[PDB]
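Data block for final-v4.cif (mmCIF, C-alpha atoms and all ligand atoms):
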data_data
loop_
_atom_site.group_PDB
_atom_site.id
_atom_site.type_symbol
_atom_site.label_atom_id
_atom_site.label_comp_id
_atom_site.auth_asym_id
_atom_site.auth_seq_id
_atom_site.Cartn_x
_atom_site.Cartn_y
_atom_site.Cartn_z
ATOM 1 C CA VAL P 3 187.945 -67.476 51.151
ATOM 2 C CA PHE P 4 188.850 -64.302 49.305
ATOM 3 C CA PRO P 5 189.630 -65.461 45.819
ATOM 4 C CA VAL P 6 191.160 -62.402 44.187
ATOM 5 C CA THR P 7 192.856 -61.940 40.819
ATOM 6 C CA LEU P 8 196.049 -59.921 40.565
ATOM 7 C CA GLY P 9 198.687 -58.973 38.031
ATOM 8 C CA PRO P 10 198.882 -58.805 34.231
ATOM 9 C CA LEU P 11 198.638 -62.606 34.017
ATOM 10 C CA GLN P 12 195.567 -62.652 36.254
ATOM 11 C CA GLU P 13 196.752 -65.098 38.921
ATOM 12 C CA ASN P 14 194.522 -66.243 41.814
ATOM 13 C CA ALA P 15 195.609 -65.118 45.285
ATOM 14 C CA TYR P 16 193.490 -66.450 48.146
ATOM 15 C CA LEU P 17 192.673 -65.178 51.617
ATOM 16 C CA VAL P 18 191.618 -68.169 53.693
ATOM 17 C CA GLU P 19 190.068 -68.284 57.130
ATOM 18 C CA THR P 20 191.226 -71.118 59.373
ATOM 19 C CA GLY P 21 191.233 -72.126 63.038
ATOM 20 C CA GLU P 22 194.368 -69.989 63.424
ATOM 21 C CA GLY P 23 192.707 -67.428 61.204
ATOM 22 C CA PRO P 24 193.744 -65.515 58.088
ATOM 23 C CA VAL P 25 196.510 -66.477 55.680
ATOM 24 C CA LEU P 26 197.343 -65.308 52.149
ATOM 25 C CA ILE P 27 198.202 -67.742 49.329
ATOM 26 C CA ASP P 28 200.282 -66.459 46.367
ATOM 27 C CA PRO P 29 200.184 -62.642 46.537
ATOM 28 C CA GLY P 30 200.982 -62.376 42.833
ATOM 29 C CA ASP P 31 200.908 -58.638 42.241
ATOM 30 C CA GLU P 32 199.003 -55.392 42.892
ATOM 31 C CA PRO P 33 199.652 -54.910 46.606
ATOM 32 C CA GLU P 34 197.204 -51.988 46.925
ATOM 33 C CA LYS P 35 194.380 -54.071 45.473
ATOM 34 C CA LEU P 36 195.527 -56.531 48.153
ATOM 35 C CA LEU P 37 196.288 -54.007 50.905
ATOM 36 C CA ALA P 38 192.991 -52.213 50.110
ATOM 37 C CA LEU P 39 191.262 -55.593 50.059
ATOM 38 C CA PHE P 40 192.317 -55.918 53.699
ATOM 39 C CA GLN P 41 191.084 -52.388 54.456
ATOM 40 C CA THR P 42 187.571 -53.726 53.977
ATOM 41 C CA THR P 43 187.955 -57.449 54.694
ATOM 42 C CA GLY P 44 189.133 -56.569 58.185
ATOM 43 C CA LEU P 45 190.983 -59.894 58.019
ATOM 44 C CA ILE P 46 194.730 -59.258 57.885
ATOM 45 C CA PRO P 47 196.854 -62.276 56.858
ATOM 46 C CA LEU P 48 198.947 -63.839 59.652
ATOM 47 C CA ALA P 49 201.264 -65.337 57.013
ATOM 48 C CA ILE P 50 201.947 -65.481 53.270
ATOM 49 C CA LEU P 51 201.912 -69.019 51.826
ATOM 50 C CA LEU P 52 203.434 -69.745 48.420
ATOM 51 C CA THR P 53 202.470 -72.775 46.342
ATOM 52 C CA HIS P 54 205.529 -72.131 44.175
ATOM 53 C CA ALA P 55 208.005 -69.331 43.518
ATOM 54 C CA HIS P 56 207.002 -68.328 40.002
ATOM 55 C CA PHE P 57 207.088 -64.551 39.542
ATOM 56 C CA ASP P 58 203.358 -64.332 38.743
ATOM 57 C CA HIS P 59 202.635 -65.716 42.228
ATOM 58 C CA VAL P 60 205.120 -63.817 44.396
ATOM 59 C CA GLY P 61 205.235 -60.323 42.893
ATOM 60 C CA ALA P 62 203.414 -58.656 45.772
ATOM 61 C CA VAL P 63 205.186 -60.443 48.629
ATOM 62 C CA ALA P 64 207.848 -57.748 49.002
ATOM 63 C CA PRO P 65 205.280 -54.935 49.476
ATOM 64 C CA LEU P 66 203.011 -56.958 51.765
ATOM 65 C CA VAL P 67 205.971 -58.005 53.910
ATOM 66 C CA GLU P 68 207.364 -54.482 54.239
ATOM 67 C CA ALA P 69 203.927 -53.321 55.344
ATOM 68 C CA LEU P 70 202.815 -56.043 57.755
ATOM 69 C CA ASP P 71 206.027 -57.937 58.579
ATOM 70 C CA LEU P 72 204.378 -61.261 57.648
ATOM 71 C CA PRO P 73 206.567 -64.364 57.570
ATOM 72 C CA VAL P 74 206.760 -66.032 54.149
ATOM 73 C CA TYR P 75 206.353 -69.807 53.805
ATOM 74 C CA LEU P 76 207.924 -71.447 50.746
ATOM 75 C CA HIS P 77 209.271 -74.896 49.909
ATOM 76 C CA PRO P 78 213.109 -74.676 49.925
ATOM 77 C CA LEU P 79 213.417 -76.467 46.558
ATOM 78 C CA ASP P 80 211.950 -73.317 44.976
ATOM 79 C CA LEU P 81 214.265 -70.844 46.713
ATOM 80 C CA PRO P 82 216.507 -70.538 43.613
ATOM 81 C CA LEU P 83 213.481 -69.707 41.462
ATOM 82 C CA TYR P 84 212.013 -67.502 44.176
ATOM 83 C CA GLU P 85 215.251 -65.531 44.396
ATOM 84 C CA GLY P 86 215.404 -65.118 40.600
ATOM 85 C CA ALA P 87 211.690 -64.452 40.035
ATOM 86 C CA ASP P 88 212.202 -60.787 39.150
ATOM 87 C CA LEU P 89 214.371 -61.500 36.121
ATOM 88 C CA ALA P 90 211.993 -64.256 35.042
ATOM 89 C CA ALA P 91 209.342 -61.543 35.092
ATOM 90 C CA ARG P 92 211.375 -59.473 32.648
ATOM 91 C CA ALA P 93 211.329 -62.393 30.216
ATOM 92 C CA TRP P 94 207.623 -61.595 29.836
ATOM 93 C CA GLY P 95 208.333 -57.881 29.493
ATOM 94 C CA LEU P 96 206.927 -57.493 33.005
ATOM 95 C CA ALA P 97 208.445 -56.481 36.349
ATOM 96 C CA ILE P 98 208.143 -57.331 40.046
ATOM 97 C CA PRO P 99 209.794 -56.096 43.226
ATOM 98 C CA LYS P 100 212.332 -58.841 44.022
ATOM 99 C CA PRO P 101 210.787 -61.127 46.677
ATOM 100 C CA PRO P 102 212.278 -60.605 50.150
ATOM 101 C CA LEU P 103 214.286 -62.949 52.338
ATOM 102 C CA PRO P 104 214.238 -64.828 54.519
ATOM 103 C CA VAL P 105 211.470 -67.442 54.222
ATOM 104 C CA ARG P 106 210.189 -70.276 56.404
ATOM 105 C CA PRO P 107 210.604 -73.716 54.827
ATOM 106 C CA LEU P 108 207.598 -75.757 53.762
ATOM 107 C CA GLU P 109 207.696 -79.563 53.904
ATOM 108 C CA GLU P 110 205.723 -82.645 52.860
ATOM 109 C CA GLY P 111 203.412 -83.807 55.641
ATOM 110 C CA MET P 112 203.799 -80.496 57.468
ATOM 111 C CA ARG P 113 200.642 -79.173 59.152
ATOM 112 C CA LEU P 114 200.063 -75.431 59.457
ATOM 113 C CA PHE P 115 196.981 -73.197 59.703
ATOM 114 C CA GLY P 116 194.724 -76.244 59.447
ATOM 115 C CA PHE P 117 196.334 -77.058 56.105
ATOM 116 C CA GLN P 118 198.170 -80.229 55.274
ATOM 117 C CA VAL P 119 201.144 -79.501 52.999
ATOM 118 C CA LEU P 120 201.651 -81.842 50.035
ATOM 119 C CA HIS P 121 204.865 -81.586 48.024
ATOM 120 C CA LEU P 122 203.893 -81.915 44.362
ATOM 121 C CA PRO P 123 206.784 -81.063 42.020
ATOM 122 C CA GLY P 124 206.623 -80.951 38.236
ATOM 123 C CA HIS P 125 205.546 -77.404 37.467
ATOM 124 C CA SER P 126 208.485 -76.464 39.661
ATOM 125 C CA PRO P 127 210.924 -78.200 42.057
ATOM 126 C CA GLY P 128 209.329 -76.810 45.217
ATOM 127 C CA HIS P 129 205.681 -76.802 44.185
ATOM 128 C CA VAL P 130 203.252 -77.699 46.964
ATOM 129 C CA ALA P 131 199.516 -77.957 47.518
ATOM 130 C CA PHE P 132 197.565 -76.728 50.546
ATOM 131 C CA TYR P 133 194.903 -79.257 51.503
ATOM 132 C CA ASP P 134 192.018 -78.142 53.747
ATOM 133 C CA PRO P 135 190.024 -81.247 54.772
ATOM 134 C CA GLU P 136 187.913 -79.037 57.044
ATOM 135 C CA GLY P 137 187.335 -77.019 53.868
ATOM 136 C CA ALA P 138 186.864 -80.056 51.609
ATOM 137 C CA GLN P 139 189.198 -78.258 49.211
ATOM 138 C CA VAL P 140 192.769 -77.649 48.044
ATOM 139 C CA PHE P 141 194.883 -74.712 46.911
ATOM 140 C CA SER P 142 196.990 -76.392 44.258
ATOM 141 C CA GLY P 143 198.510 -73.414 42.454
ATOM 142 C CA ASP P 144 199.490 -74.105 38.845
ATOM 143 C CA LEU P 145 199.257 -77.859 39.327
ATOM 144 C CA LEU P 146 195.667 -78.419 38.161
ATOM 145 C CA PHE P 147 193.502 -76.189 35.961
ATOM 146 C CA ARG P 148 189.925 -76.359 34.659
ATOM 147 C CA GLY P 149 190.633 -78.562 31.643
ATOM 148 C CA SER P 150 194.436 -78.265 31.779
ATOM 149 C CA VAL P 151 197.634 -78.736 33.836
ATOM 150 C CA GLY P 152 200.752 -76.780 34.794
ATOM 151 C CA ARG P 153 203.429 -75.991 32.215
ATOM 152 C CA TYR P 154 206.310 -78.467 32.082
ATOM 153 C CA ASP P 155 208.936 -76.643 29.980
ATOM 154 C CA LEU P 156 209.672 -73.642 32.234
ATOM 155 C CA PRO P 157 213.103 -73.849 33.855
ATOM 156 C CA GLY P 158 212.896 -76.402 36.668
ATOM 157 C CA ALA P 159 209.775 -78.169 35.427
ATOM 158 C CA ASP P 160 209.467 -81.904 34.685
ATOM 159 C CA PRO P 161 206.539 -83.721 33.007
ATOM 160 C CA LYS P 162 207.165 -87.123 34.595
ATOM 161 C CA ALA P 163 207.328 -85.266 37.912
ATOM 162 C CA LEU P 164 204.218 -83.240 37.175
ATOM 163 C CA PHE P 165 202.485 -86.471 36.234
ATOM 164 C CA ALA P 166 203.237 -88.531 39.336
ATOM 165 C CA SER P 167 202.427 -85.362 41.271
ATOM 166 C CA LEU P 168 199.004 -85.007 39.610
ATOM 167 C CA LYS P 169 198.107 -88.679 40.111
ATOM 168 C CA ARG P 170 198.727 -88.041 43.798
ATOM 169 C CA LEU P 171 196.304 -85.128 43.817
ATOM 170 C CA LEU P 172 193.699 -87.028 41.802
ATOM 171 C CA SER P 173 193.459 -89.726 44.475
ATOM 172 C CA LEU P 174 191.883 -87.459 47.099
ATOM 173 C CA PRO P 175 188.145 -86.700 47.482
ATOM 174 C CA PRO P 176 186.597 -86.423 43.979
ATOM 175 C CA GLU P 177 184.335 -83.805 45.520
ATOM 176 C CA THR P 178 187.419 -81.838 46.511
ATOM 177 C CA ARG P 179 187.211 -78.199 45.415
ATOM 178 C CA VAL P 180 190.241 -77.119 43.367
ATOM 179 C CA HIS P 181 191.499 -73.546 43.788
ATOM 180 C CA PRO P 182 194.024 -73.066 40.980
ATOM 181 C CA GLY P 183 196.460 -70.197 40.503
ATOM 182 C CA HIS P 184 194.789 -69.294 37.219
ATOM 183 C CA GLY P 185 191.291 -69.400 35.766
ATOM 184 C CA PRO P 186 188.009 -70.925 36.952
ATOM 185 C CA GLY P 187 187.847 -73.307 39.908
ATOM 186 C CA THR P 188 186.876 -76.954 39.536
ATOM 187 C CA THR P 189 186.968 -80.401 41.174
ATOM 188 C CA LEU P 190 189.159 -83.503 41.171
ATOM 189 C CA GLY P 191 186.102 -85.472 40.074
ATOM 190 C CA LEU P 192 185.308 -83.134 37.195
ATOM 191 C CA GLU P 193 188.886 -83.066 35.936
ATOM 192 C CA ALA P 194 189.208 -86.853 36.170
ATOM 193 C CA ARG P 195 186.678 -87.360 33.373
ATOM 194 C CA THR P 196 187.020 -84.077 31.471
ATOM 195 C CA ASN P 197 190.702 -83.052 31.465
ATOM 196 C CA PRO P 198 192.632 -83.999 28.309
ATOM 197 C CA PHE P 199 195.732 -84.568 30.467
ATOM 198 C CA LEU P 200 194.062 -87.419 32.286
HETATM 199 FE FE FE N 301 203.606 -71.287 37.832
HETATM 200 FE FE FE N 302 201.263 -69.138 37.332
#

Take the structure from the file and write it as structure tokens.
Amino acid sequence: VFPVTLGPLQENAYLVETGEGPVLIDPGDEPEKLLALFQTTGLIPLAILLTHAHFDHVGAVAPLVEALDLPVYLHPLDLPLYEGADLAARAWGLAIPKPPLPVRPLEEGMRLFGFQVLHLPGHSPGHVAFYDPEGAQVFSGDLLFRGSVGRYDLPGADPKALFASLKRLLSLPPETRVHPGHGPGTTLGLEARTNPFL
């Protein structure tokens, strides 16, 4: 697990090692920091996985793809966002290289790279979580934070959605390690009793 923090908004990209080996979750920005991270790691990612298509999570995809021809997995419901992520970036006074097409569709119940894909909308229409039971953990993007939860006013978000989606998450192993797209890690158990959103 190569937690690594990219981009002006400090998002949390992850290199994970599975049975089928290395994958990269949410290459947010700073390819070089990412490309150079591989220089040393030795582990090159067999595929880029996206929890959602928000610009702060997909800003490095273009570069990485044009350098290692990795396929890009994303839930189809986020395509529209994904395709418009670069303009979204400019709403923050920032800028990303428009994410490349095509992409391979993610899907509820789908198994890949040891992970078990859960569709958990709310923060966005195509937001998913990557559950690693062999890892005892979960890469849940902007869904769950240490003491907070994903925004629900960004275009495409929905509180009621985010809420049913969270309740789902919070019914897995309390001891499950949360790997969020921003800030310190945590656990479903910890958040259950501490988070002001629960
Ligand atoms: Fe987000
Ligand atoms: Fe984010």

**Study point:** Residues matched by the PyMOL selection byres (((not hetatm)) within 10 of (chain N and resi 301)) as a PyMOL selection string
**Key:** chain P and resi 13+53-59+125-126+129+143-145+152-154+156+159+183-184

Check your understanding: the PyMOL selection byres (((chain P and resi 134) around 12) and not hetatm) on the file shown: which residues, as a ChimeraX atom specification?
Key -> /P:3,18-21,113-120,131-133,135-142,174-175,178-181

Exercise for review: Please evaluate the PyMOL selection byres (((chain P and resi 186) around 12) and not hetatm) against the structure above and give the resulting residues as number ranges by chain.
Suggested key: P: 5-7, 12-14, 146-150, 179-185, 187-189

Exercise for review: Could you check which of P:122, P:26, P:176, P:60 is closest to residue P:163, using all atoms listed in the file?
Suggested key: P:122

Review point. Please, which residues are within 12 Å of (194.3, -63.2, 55.2) by the file's coordinates, counting only C-alpha atoms, and could they come as an MDAnalysis selection string?
Key: chainID P and resid 3:6 15:20 22:29 36:37 39:51 66 70 72 115

Within 9 Å of stretch 96-102 of chain P using only C-alpha atoms, minus same-chain residues under 5 positions, as an mmCIF file with C-alpha atoms, in the frame of the given file:
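Ended up saving to part31.cif:
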data_model
loop_
_atom_site.group_PDB
_atom_site.id
_atom_site.type_symbol
_atom_site.label_atom_id
_atom_site.label_comp_id
_atom_site.auth_asym_id
_atom_site.auth_seq_id
_atom_site.Cartn_x
_atom_site.Cartn_y
_atom_site.Cartn_z
ATOM 1 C CA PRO P 10 198.882 -58.805 34.231
ATOM 2 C CA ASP P 31 200.908 -58.638 42.241
ATOM 3 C CA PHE P 57 207.088 -64.551 39.542
ATOM 4 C CA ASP P 58 203.358 -64.332 38.743
ATOM 5 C CA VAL P 60 205.120 -63.817 44.396
ATOM 6 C CA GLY P 61 205.235 -60.323 42.893
ATOM 7 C CA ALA P 62 203.414 -58.656 45.772
ATOM 8 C CA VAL P 63 205.186 -60.443 48.629
ATOM 9 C CA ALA P 64 207.848 -57.748 49.002
ATOM 10 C CA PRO P 65 205.280 -54.935 49.476
ATOM 11 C CA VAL P 67 205.971 -58.005 53.910
ATOM 12 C CA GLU P 68 207.364 -54.482 54.239
ATOM 13 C CA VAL P 74 206.760 -66.032 54.149
ATOM 14 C CA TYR P 84 212.013 -67.502 44.176
ATOM 15 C CA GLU P 85 215.251 -65.531 44.396
ATOM 16 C CA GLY P 86 215.404 -65.118 40.600
ATOM 17 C CA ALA P 87 211.690 -64.452 40.035
ATOM 18 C CA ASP P 88 212.202 -60.787 39.150
ATOM 19 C CA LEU P 89 214.371 -61.500 36.121
ATOM 20 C CA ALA P 90 211.993 -64.256 35.042
ATOM 21 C CA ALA P 91 209.342 -61.543 35.092
#

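For the pair atom CA of residue P:169 and atom CA of residue P:109, the separation is 19.1 Å.
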
**Study point:** Closest of P:108, P:93, P:171, P:166 to residue P:76 - atom-to-atom distances counting all atoms listed in the file
**Key:** P:108

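Across the model, the gap from atom CA of residue P:111 to atom FE of ligand FE 302 (chain N) is 23.6 Å.
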
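The two atoms in question, atom CA of residue P:172 and atom CA of residue P:194, are spaced 7.2 Å apart.
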
Could you work out an axis-aligned box for stretch 65-78 of chain P, taking every atom the file lists and adding 8 Å on each side, and report centre and edge lengths in Å to one decimal, as AutoDock Vina command-line options?
--center_x 208.0 --center_y -64.1 --center_z 54.0 --size_x 26.3 --size_y 37.6 --size_z 25.1
